[PDB]
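Just protein.pdb here, PDB, C-alpha atoms:
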ATOM      1  CA  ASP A   1      -3.315 -20.403 -12.272  1.00  0.00           C
ATOM      2  CA  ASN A   2      -0.608 -17.763 -13.265  1.00  0.00           C
ATOM      3  CA  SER A   3       1.919 -16.138 -10.821  1.00  0.00           C
ATOM      4  CA  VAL A   4       0.590 -13.134  -8.778  1.00  0.00           C
ATOM      5  CA  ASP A   5       2.445 -10.758  -6.420  1.00  0.00           C
ATOM      6  CA  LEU A   6       0.296  -8.978  -3.801  1.00  0.00           C
ATOM      7  CA  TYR A   7       1.797  -6.130  -1.739  1.00  0.00           C
ATOM      8  CA  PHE A   8      -0.219  -5.238   1.337  1.00  0.00           C
ATOM      9  CA  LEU A   9       0.406  -1.624   2.550  1.00  0.00           C
ATOM     10  CA  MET A  10      -1.428  -0.593   5.752  1.00  0.00           C
ATOM     11  CA  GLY A  11      -1.749   2.415   8.116  1.00  0.00           C
ATOM     12  CA  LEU A  12      -0.338   2.357  11.724  1.00  0.00           C
ATOM     13  CA  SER A  13      -2.105   5.584  12.874  1.00  0.00           C
ATOM     14  CA  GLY A  14      -3.884   6.031  16.265  1.00  0.00           C
ATOM     15  CA  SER A  15      -7.078   6.368  14.152  1.00  0.00           C
ATOM     16  CA  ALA A  16      -6.306   2.857  12.722  1.00  0.00           C
ATOM     17  CA  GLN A  17      -6.846   1.408  16.276  1.00  0.00           C
ATOM     18  CA  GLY A  18     -10.276  -0.390  16.248  1.00  0.00           C
ATOM     19  CA  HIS A  19      -9.784  -0.638  12.446  1.00  0.00           C
ATOM     20  CA  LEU A  20      -6.665  -2.779  13.263  1.00  0.00           C
ATOM     21  CA  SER A  21      -8.773  -6.004  13.480  1.00  0.00           C
ATOM     22  CA  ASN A  22     -10.380  -5.078  10.096  1.00  0.00           C
ATOM     23  CA  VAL A  23      -6.848  -4.630   8.575  1.00  0.00           C
ATOM     24  CA  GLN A  24      -5.636  -7.900  10.259  1.00  0.00           C
ATOM     25  CA  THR A  25      -8.529 -10.062   8.878  1.00  0.00           C
ATOM     26  CA  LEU A  26      -8.111  -8.176   5.568  1.00  0.00           C
ATOM     27  CA  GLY A  27      -4.713  -9.612   4.980  1.00  0.00           C
ATOM     28  CA  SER A  28      -4.945 -13.118   6.418  1.00  0.00           C
ATOM     29  CA  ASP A  29      -8.224 -13.842   4.535  1.00  0.00           C
ATOM     30  CA  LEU A  30      -6.738 -12.111   1.438  1.00  0.00           C
ATOM     31  CA  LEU A  31      -3.629 -14.364   1.588  1.00  0.00           C
ATOM     32  CA  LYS A  32      -5.402 -17.720   2.147  1.00  0.00           C
ATOM     33  CA  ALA A  33      -8.211 -17.028  -0.411  1.00  0.00           C
ATOM     34  CA  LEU A  34      -5.525 -16.229  -3.054  1.00  0.00           C
ATOM     35  CA  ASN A  35      -3.409 -19.332  -2.116  1.00  0.00           C
ATOM     36  CA  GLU A  36      -6.513 -21.414  -3.090  1.00  0.00           C
ATOM     37  CA  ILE A  37      -7.052 -19.729  -6.513  1.00  0.00           C
ATOM     38  CA  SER A  38      -3.245 -19.457  -7.174  1.00  0.00           C
ATOM     39  CA  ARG A  39      -0.311 -21.866  -6.607  1.00  0.00           C
ATOM     40  CA  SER A  40       2.051 -18.818  -6.952  1.00  0.00           C
ATOM     41  CA  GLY A  41       0.639 -15.947  -4.819  1.00  0.00           C
ATOM     42  CA  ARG A  42       3.643 -14.105  -3.370  1.00  0.00           C
ATOM     43  CA  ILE A  43       2.639 -11.812  -0.476  1.00  0.00           C
ATOM     44  CA  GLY A  44       4.612  -8.878   0.986  1.00  0.00           C
ATOM     45  CA  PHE A  45       3.846  -6.449   3.814  1.00  0.00           C
ATOM     46  CA  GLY A  46       4.531  -2.748   4.607  1.00  0.00           C
ATOM     47  CA  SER A  47       3.657  -0.343   7.407  1.00  0.00           C
ATOM     48  CA  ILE A  48       3.195   3.473   7.170  1.00  0.00           C
ATOM     49  CA  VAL A  49       1.668   6.370   9.250  1.00  0.00           C
ATOM     50  CA  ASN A  50       3.920   9.520   8.809  1.00  0.00           C
ATOM     51  CA  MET A  51       7.029   8.731  11.037  1.00  0.00           C
ATOM     52  CA  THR A  52       7.957   7.000   7.689  1.00  0.00           C
ATOM     53  CA  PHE A  53       7.372   3.865   5.549  1.00  0.00           C
ATOM     54  CA  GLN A  54       8.676   0.620   7.103  1.00  0.00           C
ATOM     55  CA  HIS A  55       9.093  -2.362   4.781  1.00  0.00           C
ATOM     56  CA  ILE A  56       8.455  -5.440   7.036  1.00  0.00           C
ATOM     57  CA  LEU A  57       8.195  -8.564   4.807  1.00  0.00           C
ATOM     58  CA  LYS A  58       9.481  -9.159   1.238  1.00  0.00           C
ATOM     59  CA  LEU A  59       7.090 -10.921  -1.256  1.00  0.00           C
ATOM     60  CA  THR A  60       7.108 -14.567   0.074  1.00  0.00           C
ATOM     61  CA  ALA A  61       5.233 -17.892  -0.413  1.00  0.00           C
ATOM     62  CA  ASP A  62       5.059 -18.613   3.394  1.00  0.00           C
ATOM     63  CA  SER A  63       1.452 -18.087   4.279  1.00  0.00           C
ATOM     64  CA  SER A  64       1.789 -18.728   8.024  1.00  0.00           C
ATOM     65  CA  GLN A  65       4.665 -16.165   8.206  1.00  0.00           C
ATOM     66  CA  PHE A  66       2.836 -13.068   6.802  1.00  0.00           C
ATOM     67  CA  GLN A  67      -0.209 -13.898   9.024  1.00  0.00           C
ATOM     68  CA  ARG A  68       1.877 -13.681  12.241  1.00  0.00           C
ATOM     69  CA  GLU A  69       3.770 -10.611  10.958  1.00  0.00           C
ATOM     70  CA  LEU A  70       0.542  -8.755  10.165  1.00  0.00           C
ATOM     71  CA  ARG A  71      -1.227  -9.824  13.418  1.00  0.00           C
ATOM     72  CA  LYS A  72       1.901  -8.816  15.475  1.00  0.00           C
ATOM     73  CA  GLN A  73       1.496  -5.148  14.353  1.00  0.00           C
ATOM     74  CA  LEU A  74       0.363  -2.305  16.632  1.00  0.00           C
ATOM     75  CA  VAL A  75      -0.357   1.401  15.894  1.00  0.00           C
ATOM     76  CA  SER A  76       1.452   4.594  17.028  1.00  0.00           C
ATOM     77  CA  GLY A  77       0.299   8.327  16.916  1.00  0.00           C
ATOM     78  CA  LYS A  78       0.173  11.662  14.988  1.00  0.00           C
ATOM     79  CA  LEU A  79      -1.527  15.137  15.355  1.00  0.00           C
ATOM     80  CA  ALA A  80      -2.694  15.568  11.706  1.00  0.00           C
ATOM     81  CA  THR A  81      -5.591  13.375  10.397  1.00  0.00           C
ATOM     82  CA  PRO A  82      -4.138  13.198   6.795  1.00  0.00           C
ATOM     83  CA  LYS A  83      -1.355  10.549   6.533  1.00  0.00           C
ATOM     84  CA  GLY A  84       1.756   9.964   4.292  1.00  0.00           C
ATOM     85  CA  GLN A  85       0.812   6.613   2.607  1.00  0.00           C
ATOM     86  CA  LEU A  86       1.341   7.702  -1.020  1.00  0.00           C
ATOM     87  CA  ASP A  87       5.155   7.954  -0.375  1.00  0.00           C
ATOM     88  CA  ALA A  88       4.994   4.277   0.664  1.00  0.00           C
ATOM     89  CA  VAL A  89       2.990   3.653  -2.584  1.00  0.00           C
ATOM     90  CA  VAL A  90       5.912   5.455  -4.415  1.00  0.00           C
ATOM     91  CA  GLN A  91       8.766   3.546  -2.713  1.00  0.00           C
ATOM     92  CA  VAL A  92       6.896   0.164  -2.842  1.00  0.00           C
ATOM     93  CA  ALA A  93       6.454   0.663  -6.645  1.00  0.00           C
ATOM     94  CA  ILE A  94      10.186   1.564  -7.234  1.00  0.00           C
ATOM     95  CA  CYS A  95      11.998  -0.696  -4.667  1.00  0.00           C
ATOM     96  CA  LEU A  96      11.878  -3.828  -6.936  1.00  0.00           C
ATOM     97  CA  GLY A  97      14.886  -5.380  -5.129  1.00  0.00           C
ATOM     98  CA  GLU A  98      13.469  -4.824  -1.578  1.00  0.00           C
ATOM     99  CA  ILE A  99       9.748  -5.613  -2.192  1.00  0.00           C
ATOM    100  CA  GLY A 100      10.752  -8.673  -4.337  1.00  0.00           C
ATOM    101  CA  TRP A 101       8.550  -7.898  -7.419  1.00  0.00           C
ATOM    102  CA  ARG A 102       8.753 -10.714 -10.102  1.00  0.00           C
ATOM    103  CA  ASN A 103       7.421 -11.044 -13.733  1.00  0.00           C
ATOM    104  CA  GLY A 104       3.676 -11.818 -12.959  1.00  0.00           C
ATOM    105  CA  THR A 105       0.998  -9.265 -11.968  1.00  0.00           C
ATOM    106  CA  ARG A 106       1.631  -6.836  -9.094  1.00  0.00           C
ATOM    107  CA  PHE A 107      -1.094  -5.613  -6.710  1.00  0.00           C
ATOM    108  CA  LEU A 108      -0.471  -2.815  -4.240  1.00  0.00           C
ATOM    109  CA  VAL A 109      -3.350  -3.015  -1.727  1.00  0.00           C
ATOM    110  CA  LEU A 110      -3.320   0.322   0.164  1.00  0.00           C
ATOM    111  CA  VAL A 111      -5.196   0.412   3.481  1.00  0.00           C
ATOM    112  CA  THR A 112      -5.995   3.689   5.333  1.00  0.00           C
ATOM    113  CA  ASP A 113      -8.680   5.215   7.646  1.00  0.00           C
ATOM    114  CA  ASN A 114      -8.002   8.905   6.712  1.00  0.00           C
ATOM    115  CA  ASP A 115      -7.106  11.466   4.002  1.00  0.00           C
ATOM    116  CA  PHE A 116      -3.437  12.024   2.961  1.00  0.00           C
ATOM    117  CA  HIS A 117      -0.753  14.689   2.353  1.00  0.00           C
ATOM    118  CA  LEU A 118      -0.312  15.538  -1.373  1.00  0.00           C
ATOM    119  CA  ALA A 119       2.647  17.425  -2.930  1.00  0.00           C
ATOM    120  CA  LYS A 120       3.402  20.996  -1.626  1.00  0.00           C
ATOM    121  CA  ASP A 121       1.607  20.167   1.748  1.00  0.00           C
ATOM    122  CA  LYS A 122       5.151  19.352   3.058  1.00  0.00           C
ATOM    123  CA  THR A 123       6.514  22.967   3.137  1.00  0.00           C
ATOM    124  CA  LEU A 124       5.001  23.812   6.574  1.00  0.00           C
ATOM    125  CA  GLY A 125       7.545  21.155   7.827  1.00  0.00           C
ATOM    126  CA  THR A 126      10.392  22.952   5.840  1.00  0.00           C
ATOM    127  CA  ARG A 127      10.878  20.165   3.200  1.00  0.00           C
ATOM    128  CA  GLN A 128      11.563  22.225  -0.007  1.00  0.00           C
ATOM    129  CA  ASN A 129      12.905  19.401  -2.284  1.00  0.00           C
ATOM    130  CA  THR A 130      10.496  17.531  -4.663  1.00  0.00           C
ATOM    131  CA  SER A 131      10.418  13.706  -4.816  1.00  0.00           C
ATOM    132  CA  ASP A 132      12.863  12.388  -7.499  1.00  0.00           C
ATOM    133  CA  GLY A 133      10.936   9.078  -8.059  1.00  0.00           C
ATOM    134  CA  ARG A 134      13.887   6.691  -7.240  1.00  0.00           C
ATOM    135  CA  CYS A 135      14.516   4.109  -4.423  1.00  0.00           C
ATOM    136  CA  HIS A 136      15.629   5.374  -0.934  1.00  0.00           C
ATOM    137  CA  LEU A 137      15.250   2.195   1.248  1.00  0.00           C
ATOM    138  CA  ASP A 138      18.250   1.283   3.527  1.00  0.00           C
ATOM    139  CA  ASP A 139      17.524  -0.446   6.936  1.00  0.00           C
ATOM    140  CA  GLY A 140      13.834  -1.009   5.906  1.00  0.00           C
ATOM    141  CA  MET A 141      12.919   2.677   6.602  1.00  0.00           C
ATOM    142  CA  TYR A 142      12.276   5.256   3.837  1.00  0.00           C
ATOM    143  CA  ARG A 143      15.227   7.479   4.956  1.00  0.00           C
ATOM    144  CA  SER A 144      14.402  10.229   2.387  1.00  0.00           C
ATOM    145  CA  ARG A 145      11.024  11.143   4.074  1.00  0.00           C
ATOM    146  CA  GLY A 146      13.053  13.665   6.177  1.00  0.00           C
ATOM    147  CA  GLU A 147      14.289  15.526   3.008  1.00  0.00           C
ATOM    148  CA  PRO A 148      12.146  15.266  -0.272  1.00  0.00           C
ATOM    149  CA  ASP A 149       8.343  15.643  -0.247  1.00  0.00           C
ATOM    150  CA  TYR A 150       5.128  13.734  -0.938  1.00  0.00           C
ATOM    151  CA  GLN A 151       5.072  13.006  -4.716  1.00  0.00           C
ATOM    152  CA  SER A 152       2.707  14.613  -7.286  1.00  0.00           C
ATOM    153  CA  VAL A 153      -0.423  12.684  -8.546  1.00  0.00           C
ATOM    154  CA  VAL A 154       1.127  12.330 -12.080  1.00  0.00           C
ATOM    155  CA  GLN A 155       4.432  11.057 -10.533  1.00  0.00           C
ATOM    156  CA  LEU A 156       2.379   8.069  -9.202  1.00  0.00           C
ATOM    157  CA  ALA A 157       0.681   7.520 -12.606  1.00  0.00           C
ATOM    158  CA  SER A 158       4.104   7.349 -14.359  1.00  0.00           C
ATOM    159  CA  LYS A 159       6.034   4.979 -12.003  1.00  0.00           C
ATOM    160  CA  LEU A 160       2.989   2.710 -11.269  1.00  0.00           C
ATOM    161  CA  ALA A 161       2.660   2.183 -15.084  1.00  0.00           C
ATOM    162  CA  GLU A 162       6.463   1.862 -15.762  1.00  0.00           C
ATOM    163  CA  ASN A 163       7.058  -0.670 -12.947  1.00  0.00           C
ATOM    164  CA  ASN A 164       3.628  -2.250 -13.882  1.00  0.00           C
ATOM    165  CA  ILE A 165       1.808  -2.371 -10.478  1.00  0.00           C
ATOM    166  CA  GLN A 166      -2.021  -1.996 -10.127  1.00  0.00           C
ATOM    167  CA  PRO A 167      -2.896  -0.271  -6.775  1.00  0.00           C
ATOM    168  CA  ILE A 168      -6.263  -0.821  -5.034  1.00  0.00           C
ATOM    169  CA  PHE A 169      -7.403   1.962  -2.657  1.00  0.00           C
ATOM    170  CA  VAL A 170      -8.895  -0.117   0.195  1.00  0.00           C
ATOM    171  CA  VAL A 171     -10.362   2.612   2.546  1.00  0.00           C
ATOM    172  CA  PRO A 172     -13.315   3.180   5.039  1.00  0.00           C
ATOM    173  CA  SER A 173     -16.837   4.103   3.813  1.00  0.00           C
ATOM    174  CA  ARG A 174     -16.775   7.763   5.133  1.00  0.00           C
ATOM    175  CA  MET A 175     -13.530   8.412   3.126  1.00  0.00           C
ATOM    176  CA  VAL A 176     -14.121   6.129   0.005  1.00  0.00           C
ATOM    177  CA  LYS A 177     -15.676   8.982  -2.025  1.00  0.00           C
ATOM    178  CA  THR A 178     -12.386  11.048  -1.875  1.00  0.00           C
ATOM    179  CA  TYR A 179      -9.999   8.387  -3.182  1.00  0.00           C
ATOM    180  CA  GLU A 180     -12.350   7.462  -6.061  1.00  0.00           C
ATOM    181  CA  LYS A 181     -11.413  10.940  -7.523  1.00  0.00           C
ATOM    182  CA  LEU A 182      -7.665  10.128  -7.062  1.00  0.00           C
ATOM    183  CA  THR A 183      -8.717   6.969  -9.042  1.00  0.00           C
ATOM    184  CA  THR A 184      -9.982   9.346 -11.803  1.00  0.00           C
ATOM    185  CA  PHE A 185      -6.679  11.295 -11.644  1.00  0.00           C
ATOM    186  CA  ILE A 186      -4.571   8.042 -11.629  1.00  0.00           C
ATOM    187  CA  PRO A 187      -6.074   5.706 -14.337  1.00  0.00           C
ATOM    188  CA  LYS A 188      -6.293   1.846 -14.001  1.00  0.00           C
ATOM    189  CA  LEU A 189      -6.426   1.939 -10.142  1.00  0.00           C
ATOM    190  CA  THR A 190      -9.525   0.884  -8.178  1.00  0.00           C
ATOM    191  CA  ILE A 191     -10.942   1.318  -4.659  1.00  0.00           C
ATOM    192  CA  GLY A 192     -12.266  -1.079  -1.954  1.00  0.00           C
ATOM    193  CA  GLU A 193     -14.402  -0.327   1.124  1.00  0.00           C
ATOM    194  CA  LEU A 194     -12.575  -1.718   4.165  1.00  0.00           C
ATOM    195  CA  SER A 195     -14.920  -2.933   6.961  1.00  0.00           C
ATOM    196  CA  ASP A 196     -15.538  -6.016   9.214  1.00  0.00           C
ATOM    197  CA  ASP A 197     -15.919  -7.921   5.854  1.00  0.00           C
ATOM    198  CA  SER A 198     -13.319  -8.493   3.069  1.00  0.00           C
ATOM    199  CA  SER A 199     -15.756  -9.692   0.315  1.00  0.00           C
ATOM    200  CA  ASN A 200     -15.733  -6.252  -1.378  1.00  0.00           C
ATOM    201  CA  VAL A 201     -11.849  -6.146  -1.507  1.00  0.00           C
ATOM    202  CA  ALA A 202     -11.335  -9.797  -2.597  1.00  0.00           C
ATOM    203  CA  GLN A 203     -13.881  -9.443  -5.493  1.00  0.00           C
ATOM    204  CA  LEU A 204     -11.503  -6.839  -7.102  1.00  0.00           C
ATOM    205  CA  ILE A 205      -8.306  -8.840  -6.536  1.00  0.00           C
ATOM    206  CA  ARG A 206     -10.203 -11.859  -7.924  1.00  0.00           C
ATOM    207  CA  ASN A 207     -11.874  -9.738 -10.678  1.00  0.00           C
ATOM    208  CA  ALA A 208      -8.331  -8.747 -11.842  1.00  0.00           C
ATOM    209  CA  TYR A 209      -7.215 -12.436 -11.508  1.00  0.00           C
ATOM    210  CA  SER A 210      -9.715 -13.668 -14.174  1.00  0.00           C
ATOM    211  CA  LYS A 211      -8.513 -10.982 -16.694  1.00  0.00           C
ATOM    212  CA  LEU A 212      -5.050 -12.739 -16.861  1.00  0.00           C
TER
END

Represent the supplied structure as structure tokens.
Amino acid sequence: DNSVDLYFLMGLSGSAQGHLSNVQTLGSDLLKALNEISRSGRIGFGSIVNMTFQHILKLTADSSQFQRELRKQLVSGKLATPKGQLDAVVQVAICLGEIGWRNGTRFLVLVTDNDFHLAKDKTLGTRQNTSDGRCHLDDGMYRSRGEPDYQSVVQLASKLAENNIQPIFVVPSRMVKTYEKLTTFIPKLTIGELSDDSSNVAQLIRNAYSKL
């Protein structure tokens, strides 16, 4: 019965079209299943692809509002198959005042269809500066994506533990076996297999719920 904060990050890539339904149902059925097990299940929503991270909805108790704001979404496009989602995972962890993180438990559900850009991959786009690990959210866009780079794997492990968020790498079966080694490099994280069903993903959210 304790307070929980779930933050739903998902991918808006052209490759996420067709998977869009799977990442719409996996959000609405996450929300309403957790509202049954918890009286205080604050849900927030963020969009990412590589144009940048867009924070859409602060952690709220209005169930019917997140469901319309998630189902409203539509994808865009990019040349490269690896995406920029870990910078959203960075900013979402740090941006306490924008995301709305309170004193319960904090669950960053990351949804993708593809690989991602790690640190030093950025330099072909002439982005020399390293990520500083602080907040850079203004009008809801991550304005610093144009200047500093994709964070290092240990820079996640630090600020996820300091801010006390547990991320869950919800990803498609072909690509699951990659992120489970980023789950060995970043301890205490998990991994879900996104599909037409949510039962895999909800059993990890609800496995972590009974530990509390």

Could you pull the residues within 12 Å of segment 22-26 of chain A, counting all atoms listed in the file, minus those fewer than 2 positions along the same chain, as a PDB file with C-alpha atoms, in the frame of the given file?
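Okay, this is what ended up in selection.pdb:
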ATOM      1  CA  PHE A   8      -0.219  -5.238   1.337  1.00  0.00           C
ATOM      2  CA  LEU A   9       0.406  -1.624   2.550  1.00  0.00           C
ATOM      3  CA  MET A  10      -1.428  -0.593   5.752  1.00  0.00           C
ATOM      4  CA  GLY A  11      -1.749   2.415   8.116  1.00  0.00           C
ATOM      5  CA  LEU A  12      -0.338   2.357  11.724  1.00  0.00           C
ATOM      6  CA  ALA A  16      -6.306   2.857  12.722  1.00  0.00           C
ATOM      7  CA  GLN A  17      -6.846   1.408  16.276  1.00  0.00           C
ATOM      8  CA  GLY A  18     -10.276  -0.390  16.248  1.00  0.00           C
ATOM      9  CA  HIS A  19      -9.784  -0.638  12.446  1.00  0.00           C
ATOM     10  CA  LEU A  20      -6.665  -2.779  13.263  1.00  0.00           C
ATOM     11  CA  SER A  28      -4.945 -13.118   6.418  1.00  0.00           C
ATOM     12  CA  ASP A  29      -8.224 -13.842   4.535  1.00  0.00           C
ATOM     13  CA  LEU A  30      -6.738 -12.111   1.438  1.00  0.00           C
ATOM     14  CA  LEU A  31      -3.629 -14.364   1.588  1.00  0.00           C
ATOM     15  CA  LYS A  32      -5.402 -17.720   2.147  1.00  0.00           C
ATOM     16  CA  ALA A  33      -8.211 -17.028  -0.411  1.00  0.00           C
ATOM     17  CA  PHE A  45       3.846  -6.449   3.814  1.00  0.00           C
ATOM     18  CA  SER A  47       3.657  -0.343   7.407  1.00  0.00           C
ATOM     19  CA  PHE A  66       2.836 -13.068   6.802  1.00  0.00           C
ATOM     20  CA  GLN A  67      -0.209 -13.898   9.024  1.00  0.00           C
ATOM     21  CA  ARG A  68       1.877 -13.681  12.241  1.00  0.00           C
ATOM     22  CA  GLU A  69       3.770 -10.611  10.958  1.00  0.00           C
ATOM     23  CA  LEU A  70       0.542  -8.755  10.165  1.00  0.00           C
ATOM     24  CA  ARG A  71      -1.227  -9.824  13.418  1.00  0.00           C
ATOM     25  CA  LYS A  72       1.901  -8.816  15.475  1.00  0.00           C
ATOM     26  CA  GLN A  73       1.496  -5.148  14.353  1.00  0.00           C
ATOM     27  CA  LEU A  74       0.363  -2.305  16.632  1.00  0.00           C
ATOM     28  CA  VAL A  75      -0.357   1.401  15.894  1.00  0.00           C
ATOM     29  CA  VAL A 109      -3.350  -3.015  -1.727  1.00  0.00           C
ATOM     30  CA  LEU A 110      -3.320   0.322   0.164  1.00  0.00           C
ATOM     31  CA  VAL A 111      -5.196   0.412   3.481  1.00  0.00           C
ATOM     32  CA  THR A 112      -5.995   3.689   5.333  1.00  0.00           C
ATOM     33  CA  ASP A 113      -8.680   5.215   7.646  1.00  0.00           C
ATOM     34  CA  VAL A 170      -8.895  -0.117   0.195  1.00  0.00           C
ATOM     35  CA  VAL A 171     -10.362   2.612   2.546  1.00  0.00           C
ATOM     36  CA  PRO A 172     -13.315   3.180   5.039  1.00  0.00           C
ATOM     37  CA  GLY A 192     -12.266  -1.079  -1.954  1.00  0.00           C
ATOM     38  CA  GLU A 193     -14.402  -0.327   1.124  1.00  0.00           C
ATOM     39  CA  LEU A 194     -12.575  -1.718   4.165  1.00  0.00           C
ATOM     40  CA  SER A 195     -14.920  -2.933   6.961  1.00  0.00           C
ATOM     41  CA  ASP A 196     -15.538  -6.016   9.214  1.00  0.00           C
ATOM     42  CA  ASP A 197     -15.919  -7.921   5.854  1.00  0.00           C
ATOM     43  CA  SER A 198     -13.319  -8.493   3.069  1.00  0.00           C
ATOM     44  CA  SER A 199     -15.756  -9.692   0.315  1.00  0.00           C
ATOM     45  CA  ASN A 200     -15.733  -6.252  -1.378  1.00  0.00           C
ATOM     46  CA  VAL A 201     -11.849  -6.146  -1.507  1.00  0.00           C
ATOM     47  CA  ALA A 202     -11.335  -9.797  -2.597  1.00  0.00           C
TER      48      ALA A 202
END

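The interatomic distance for the pair atom CA of residue 58 of chain A and atom CA of residue 105 of chain A works out to 15.7 Å.
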
Could you list the residues chosen by the PyMOL selection byres ((chain A and resi 157) around 12) in this structure as a PDB file with C-alpha atoms, keeping the file's coordinate frame?
ATOM      1  CA  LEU A  86       1.341   7.702  -1.020  1.00  0.00           C
ATOM      2  CA  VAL A  89       2.990   3.653  -2.584  1.00  0.00           C
ATOM      3  CA  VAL A  90       5.912   5.455  -4.415  1.00  0.00           C
ATOM      4  CA  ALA A  93       6.454   0.663  -6.645  1.00  0.00           C
ATOM      5  CA  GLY A 133      10.936   9.078  -8.059  1.00  0.00           C
ATOM      6  CA  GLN A 151       5.072  13.006  -4.716  1.00  0.00           C
ATOM      7  CA  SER A 152       2.707  14.613  -7.286  1.00  0.00           C
ATOM      8  CA  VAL A 153      -0.423  12.684  -8.546  1.00  0.00           C
ATOM      9  CA  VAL A 154       1.127  12.330 -12.080  1.00  0.00           C
ATOM     10  CA  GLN A 155       4.432  11.057 -10.533  1.00  0.00           C
ATOM     11  CA  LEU A 156       2.379   8.069  -9.202  1.00  0.00           C
ATOM     12  CA  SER A 158       4.104   7.349 -14.359  1.00  0.00           C
ATOM     13  CA  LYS A 159       6.034   4.979 -12.003  1.00  0.00           C
ATOM     14  CA  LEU A 160       2.989   2.710 -11.269  1.00  0.00           C
ATOM     15  CA  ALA A 161       2.660   2.183 -15.084  1.00  0.00           C
ATOM     16  CA  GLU A 162       6.463   1.862 -15.762  1.00  0.00           C
ATOM     17  CA  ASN A 163       7.058  -0.670 -12.947  1.00  0.00           C
ATOM     18  CA  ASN A 164       3.628  -2.250 -13.882  1.00  0.00           C
ATOM     19  CA  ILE A 165       1.808  -2.371 -10.478  1.00  0.00           C
ATOM     20  CA  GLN A 166      -2.021  -1.996 -10.127  1.00  0.00           C
ATOM     21  CA  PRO A 167      -2.896  -0.271  -6.775  1.00  0.00           C
ATOM     22  CA  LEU A 182      -7.665  10.128  -7.062  1.00  0.00           C
ATOM     23  CA  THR A 183      -8.717   6.969  -9.042  1.00  0.00           C
ATOM     24  CA  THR A 184      -9.982   9.346 -11.803  1.00  0.00           C
ATOM     25  CA  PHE A 185      -6.679  11.295 -11.644  1.00  0.00           C
ATOM     26  CA  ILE A 186      -4.571   8.042 -11.629  1.00  0.00           C
ATOM     27  CA  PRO A 187      -6.074   5.706 -14.337  1.00  0.00           C
ATOM     28  CA  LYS A 188      -6.293   1.846 -14.001  1.00  0.00           C
ATOM     29  CA  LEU A 189      -6.426   1.939 -10.142  1.00  0.00           C
TER      30      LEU A 189
END

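Remark: for residue 143 of chain A, the closest of the candidate residues A:36, A:212, A:43, A:91 is A:91 (distances computed over only C-alpha atoms).
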
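Look at segment 122-130 of chain A: the protein and nucleic acid residues within 8 Å of it, using only C-alpha atoms and passing over chain neighbours fewer than 5 places away, are residues 117, 146, 147, 148, 149, 150 and 151 of chain A.
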
The selected residues should be written to file as a PDB file, keeping the file's coordinate frame (atoms: C-alpha atoms).
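Output contents, as saved in selection33.pdb:
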ATOM      1  CA  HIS A 117      -0.753  14.689   2.353  1.00  0.00           C
ATOM      2  CA  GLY A 146      13.053  13.665   6.177  1.00  0.00           C
ATOM      3  CA  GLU A 147      14.289  15.526   3.008  1.00  0.00           C
ATOM      4  CA  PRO A 148      12.146  15.266  -0.272  1.00  0.00           C
ATOM      5  CA  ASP A 149       8.343  15.643  -0.247  1.00  0.00           C
ATOM      6  CA  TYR A 150       5.128  13.734  -0.938  1.00  0.00           C
ATOM      7  CA  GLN A 151       5.072  13.006  -4.716  1.00  0.00           C
TER       8      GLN A 151
END

- Counting only C-alpha atoms, figure out which residue out of A:108, A:95, A:48, A:59 gets nearest to residue 77 of chain A. A:48

Let me know the centre plus edge lengths, in Å and rounded to one decimal, of a box with edges along x, y and z that contains all listed atoms of segment 28-43 of chain A and is padded by 8 Å on every side, as AutoDock Vina command-line options.
--center_x -2.3 --center_y -16.8 --center_z -0.4 --size_x 27.9 --size_y 26.1 --size_z 29.6

- Task: Identify which of the residues A:115, A:138, A:98, A:5 lies closest to residue 83 of chain A, counting all atoms listed in the file when measuring atom-to-atom distances.
- Result: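 Of all the options, A:115 lies closest to residue 83 of chain A.
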
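The spacing separating atom CA of residue 46 of chain A from atom CA of residue 78 of chain A amounts to 18.3 Å.
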
- Message: Nearest residue to residue 142 of chain A out of A:27, A:84, A:100, A:41, using only C-alpha atoms?
- Response: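 When distances to residue 142 of chain A are compared using only C-alpha atoms, the smallest one comes from A:84.
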
- Note on the structure: Students should find that atom CA of residue 62 of chain A and atom CA of residue 21 of chain A are spaced 21.3 Å

Your completed segment 119-124 of chain A with N, CA, C and O atoms, as a compact mmCIF listing (two decimals), in the coordinates of the input:
# COMPACT_ATOMS: atom_id res chain seq x y z
N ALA A 119 1.53 16.51 -2.69
CA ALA A 119 2.65 17.42 -2.93
C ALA A 119 2.34 18.85 -2.43
O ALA A 119 1.18 19.23 -2.24
N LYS A 120 3.40 19.64 -2.22
CA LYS A 120 3.40 21.00 -1.63
C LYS A 120 2.78 21.16 -0.21
O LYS A 120 3.10 22.13 0.47
N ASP A 121 2.04 20.18 0.33
CA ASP A 121 1.61 20.17 1.75
C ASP A 121 2.81 20.13 2.72
O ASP A 121 2.74 20.65 3.83
N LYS A 122 3.93 19.54 2.27
CA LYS A 122 5.15 19.35 3.06
C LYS A 122 5.85 20.62 3.57
O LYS A 122 6.62 20.54 4.53
N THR A 123 5.67 21.77 2.90
CA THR A 123 6.51 22.97 3.14
C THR A 123 6.31 23.65 4.49
O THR A 123 7.24 24.31 4.96
N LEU A 124 5.19 23.39 5.17
CA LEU A 124 5.00 23.81 6.57
C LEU A 124 5.94 23.07 7.55
O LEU A 124 6.21 23.57 8.64
